[PDB]
4 protein chains.
Amino acid sequence: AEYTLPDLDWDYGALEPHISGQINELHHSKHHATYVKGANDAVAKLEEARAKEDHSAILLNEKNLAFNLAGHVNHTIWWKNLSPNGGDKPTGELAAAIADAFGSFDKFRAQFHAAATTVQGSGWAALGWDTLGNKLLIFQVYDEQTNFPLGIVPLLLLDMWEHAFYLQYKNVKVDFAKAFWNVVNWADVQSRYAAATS
Amino acid sequence: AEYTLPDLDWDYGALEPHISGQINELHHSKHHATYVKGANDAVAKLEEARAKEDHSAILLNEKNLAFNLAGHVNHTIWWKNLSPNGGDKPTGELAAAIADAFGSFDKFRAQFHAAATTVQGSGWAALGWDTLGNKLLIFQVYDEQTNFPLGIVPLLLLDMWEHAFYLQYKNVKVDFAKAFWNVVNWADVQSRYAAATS
Amino acid sequence: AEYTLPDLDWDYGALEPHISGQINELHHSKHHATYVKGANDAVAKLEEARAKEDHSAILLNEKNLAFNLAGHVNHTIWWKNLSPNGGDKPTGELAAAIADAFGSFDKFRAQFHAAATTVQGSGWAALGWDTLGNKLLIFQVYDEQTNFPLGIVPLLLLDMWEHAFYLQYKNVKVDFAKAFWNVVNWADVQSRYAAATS
Amino acid sequence: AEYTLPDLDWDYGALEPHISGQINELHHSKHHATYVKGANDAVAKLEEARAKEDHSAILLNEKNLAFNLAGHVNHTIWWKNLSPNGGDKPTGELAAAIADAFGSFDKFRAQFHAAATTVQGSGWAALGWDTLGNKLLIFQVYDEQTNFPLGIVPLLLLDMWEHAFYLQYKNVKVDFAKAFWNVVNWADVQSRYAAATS
Ligand SMILES: [Mn+2]
Ligand SMILES: [Mn+2]
Ligand SMILES: [Mn+2]
Ligand SMILES: [Mn+2]
């Protein structure tokens with residue numbers, strides 16, 4: 001079927017004072033809403049190019065399909081990886097994978113904060129699992145669909161676009177990145193990590 | 001463990017006259033082994049950047065880790081996707097999936113040849129499975145790592161970087177992506193389809 | 001010598017009510033001065049890689065000098081393409097060139113508003129003169145240095161990164177872009193087209 | 001007027017043995033003519049999109065104009081910076097410029113060969129002059145149009161695309177880039193630098 005906007009499982013002002021309800025609102029409502037309309041739209045123009053047998057604008061069509069489909073895919077996962085009752089540290093299988101992988105929790109976290117505040121332009125920090133070589137790696141994604149390999153399973157994303165922190169942190173991106181840690185919903189990530197390794 | 005170079009399950013000349021045994025051996029033995037060696041070396045300086053706690057070149061190691069891991073993941077699925085004994089059409093569930101998603105294998109095929117031949121630079125054509133929307137969509141990747149959403153599971157790719165056809169097709173890439181079709185191991189696509197929707 | 005921050009020919013409050021005074025003071029004071037600092041550091045590090053003969057981080061020093069010199073080149077010409085007493089329409093020579101190059105001032109204005117509001121990530125709309133075909137064309141810039149040819153001389157630029165409008169027009173990109181037209185200082189655009197075509 | 005494929009000031013084989021005549025010929029006559037047709041067609045779809053007042057596909061028309069116009073300005077300067085009677089060193093002002101900006105002609109050259117051999121995908125190395133701070137600097141361009149600032153004057157470039165050397169050096173691009181130094185035509189570079197500094 002068509003893609004659609006998921007609802008949040010918290011009220012827009014729930015991450016205050018770490019992330020304002022003004023931002024969650026424009027973000028879920030303006031920003032993600034337009035990526036889901038863009039995704040359904042690129043889907044429908046390729047169905048028509050498929051019937052008129054005219055692949056003359058293939059390049060804008062495959063570029064509009066990857067851009068909206070990926071902004072909706074990262075957005076969808078960023079709402080479930082944040083929680084009002086979040087913070088602290090991961091536990092169980094996940095916390096042991098993370099120290100085995102980056103040596104230690106605080107080390108994984110100095111690299112994740114280093115990959116998210118050095119993007120030149122918009123992009124995000126993403127923790128993913130590579131099934132080719134079964135490892136847990138951190139990637140710096142540019143924009144919404146570039147800089148990582150195909151088939152990588154996404155587990156915890158930090159949105160670096162300016163719309164995610166300009167109305168409250170203005171240009172101090174590092175303090176928005178420090179505040180994200182107090183709202184991480186580690187239960188969602190742990191659950192992502194287990195279906196990833198099954 | 002370490003990423004390593006897979007062996008093909010055919011002799012390099014096996015694919016002739018569709019793809020000359022000299023490209024199969026410069027592609028596999030030279031281009032792929034360099035991605036496998038660049039992916040183990042980007043995993044190793046992130047390891048030492050974590051130990052000295054020096055994240056000053058984090059933009060370079062995250063960039064060297066996606067380019068080479070993407071080049072290694074995409075050549076490893078191109079060698080299984082190609083076989084001396086393939087060609088023809090998909091069968092079963094995979095062939096009804098295609099027909100149902102693109103209308104017919106013939107319309108699936110003309111869109112895949114448009115996206116593989118209209119790339120501006122190095123890139124490939126990719127048939128993948130989207131888990132969010134449960135759809136079989138094609139994408140146009142630029143280089144090895146860009147232009148598709150995280151988590152898409154790849155099932156059929158066609159390498160259009162110059163090195164996969166210059167020696168025998170010179171500048172005529174269209175001719176190569178038409179030959180391609182005669183050596184597709186649809187049993188390998190069939191198998192990846194079945195596991196992506198398991 | 002070293003690169004430095006240009007002063008403005010007007011007080012941050014001067015383009016009110018079209019672009020706020022906070023936005024220009026953060027833009028100039030925070031954003032632009034960082035770029036000016038990072039191009040002087042990309043310069044210093046290549047001098048240092050050249051003295052010790054080690055160019056193992058070339059990909060990186062080549063990307064940071066282009067990201068930061070681009071950004072400082074783009075912002076230094078944005079403070080000049082604007083003005084309290086600006087607005088209206090181009091006069092003289094530039095006018096005719098405009099009307100000749102794009103059919104009309106109103107049709108140049110519609111081609112530049114659409115390339116400005118359709119960028120997928122950060123970017124700007126820029127009017128430039130091509131000295132090889134001696135044509136005035138409008139390009140869509142990705143980030144601060146992508147998507148135009150080497151050697152284009154830049155004449156009027158519209159900053160579309162979110163931080164240039166966020167705090168005041170929120171995700172309403174479209175109203176920052178039309179309000180722009182009432183503060184463009186056409187005298188500075190006419191003098192740079194005159195020197196580029198001398 | 002329209003853009004057109006310039007004439008080489010030499011015959012295809014005059015570069016032997018440093019770069020084969022078969023490359024120079026499919027390079028000029030197939031790759032370069034394709035970007036000139038493409039630049040020509042992109043400028044016309046904008047004329048046609050500006051008269052029917054329909055900017056639906058502005059992203060593809062501005063991307064097809066920067067891609068193909070950038071490849072035509074790059075190849076047009078590549079046939080002139082190469083020559084059968086070149087090689088050796090720069091002389092005069094160019095050379096004291098080059099040694100005071102990169103330490104010595106031997107250090108500018110190790111830096112340029114570094115930037116042309118680690119590109120990740122298609123690309124070129126180019127030395128250009130920055131008008132803002134008046135300095136010679138080398139850049140690593142991605143594709144034909146990304147990675148440098150607007151307004152930099154190009155002076156010398158080395159095409160790292162595969163099609164520039166795969167048929168004679170195969171994957172050994174560090175060799176192709178070593179042989180280039182015997183074909184550089186320094187009277188051209190030094191003449192583009194005296195006009196750039198005027
Ligand atoms: Mn976002
Ligand atoms: Mn390849
Ligand atoms: Mn800006
Ligand atoms: Mn070329």
# chains A, B, ... in the order shown; residues from 1 in each chain; ligands from 1
$ interface_residues --of "chain C" --to "chain B" --cutoff "10 Å" --atoms "only C-alpha atoms" --output "MDAnalysis selection string"
chainID C and resid 57:61 63:64
$ closest_atom_pairs --of "chain A" --to "ligand 1" --cutoff "7 Å" --atoms "only C-alpha atoms and all ligand atoms" --output "tab-separated table"
residue	atom	partner	partner_atom_place_in_ligand_line	distance
A:27	CA	ligand 1	1 (Mn)	6.5
A:31	CA	ligand 1	1 (Mn)	6.8
A:75	CA	ligand 1	1 (Mn)	6.3
A:159	CA	ligand 1	1 (Mn)	5.6
A:161	CA	ligand 1	1 (Mn)	5.7
A:163	CA	ligand 1	1 (Mn)	6.6
A:164	CA	ligand 1	1 (Mn)	5.8
$ write_last_selection --atoms "N, CA and C atoms" --output "short mmCIF file (atom, residue, chain, number, x, y, z; two decimals), in the first residue's frame"
data_model
loop_
_atom_site.label_atom_id
_atom_site.label_comp_id
_atom_site.auth_asym_id
_atom_site.auth_seq_id
_atom_site.Cartn_x
_atom_site.Cartn_y
_atom_site.Cartn_z
N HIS A 27 8.52 19.30 13.25
CA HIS A 27 9.21 18.04 12.68
C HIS A 27 8.25 16.95 12.37
N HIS A 31 7.84 18.59 8.30
CA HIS A 31 8.93 17.73 7.75
C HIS A 31 8.66 16.32 7.45
N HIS A 75 13.00 8.95 9.66
CA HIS A 75 12.16 9.69 10.63
C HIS A 75 11.39 8.73 11.57
N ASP A 159 19.40 12.78 14.39
CA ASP A 159 19.17 13.72 13.30
C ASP A 159 19.96 15.01 13.43
N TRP A 161 20.06 17.38 10.92
CA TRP A 161 19.56 18.53 10.08
C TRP A 161 19.36 19.76 10.94
N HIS A 163 16.90 21.70 11.19
CA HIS A 163 15.54 21.87 11.70
C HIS A 163 15.31 21.13 12.97
N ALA A 164 16.23 20.22 13.26
CA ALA A 164 16.04 19.40 14.51
C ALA A 164 16.51 20.12 15.72
#
$ residues_around --residues "range 134-149 of chain A" --least-positions-apart "4" --cutoff "6 Å" --atoms "only C-alpha atoms" --output "ChimeraX atom specification"
/A:70-71,115,122-130 /B:62,66,70,145-149 /C:121
$ closest_residue --among "C:82, C:33, C:69, C:49" --to "residue 10 in chain C" --atoms "only C-alpha atoms"
C:82
$ closest_residue --among "D:43, D:185, D:97, D:171" --to "ligand 2" --atoms "only C-alpha atoms and all ligand atoms"
D:171
$ atom_distance --atom1 "CA of residue 109 in chain D" --atom2 "CA of residue 181 in chain D"
9.1 Å
$ select_by_dssp --residues "range 7-184 of chain C" --states "helix (DSSP H, G or I)" --output "count of residues only"
96
$ residues_around --residues "residue 183 in chain B" --least-positions-apart "3" --cutoff "8 Å" --atoms "only C-alpha atoms" --output "PyMOL selection string"
chain B and resi 15+18+82-87+179-180
$ atom_distance --atom1 "CA of residue 110 in chain B" --atom2 "CA of residue 22 in chain B"
28.3 Å
$ atom_distance --atom1 "CA of residue 88 in chain B" --atom2 "CA of residue 186 in chain B"
8.3 Å
$ closest_residue --among "C:9, C:188, C:162, C:47" --to "ligand 3" --atoms "only C-alpha atoms and all ligand atoms"
C:162
$ residues_around --residues "residue 151 in chain D" --least-positions-apart "5" --cutoff "8 Å" --atoms "only C-alpha atoms" --output "ChimeraX atom specification"
/C:150-154 /D:130-131
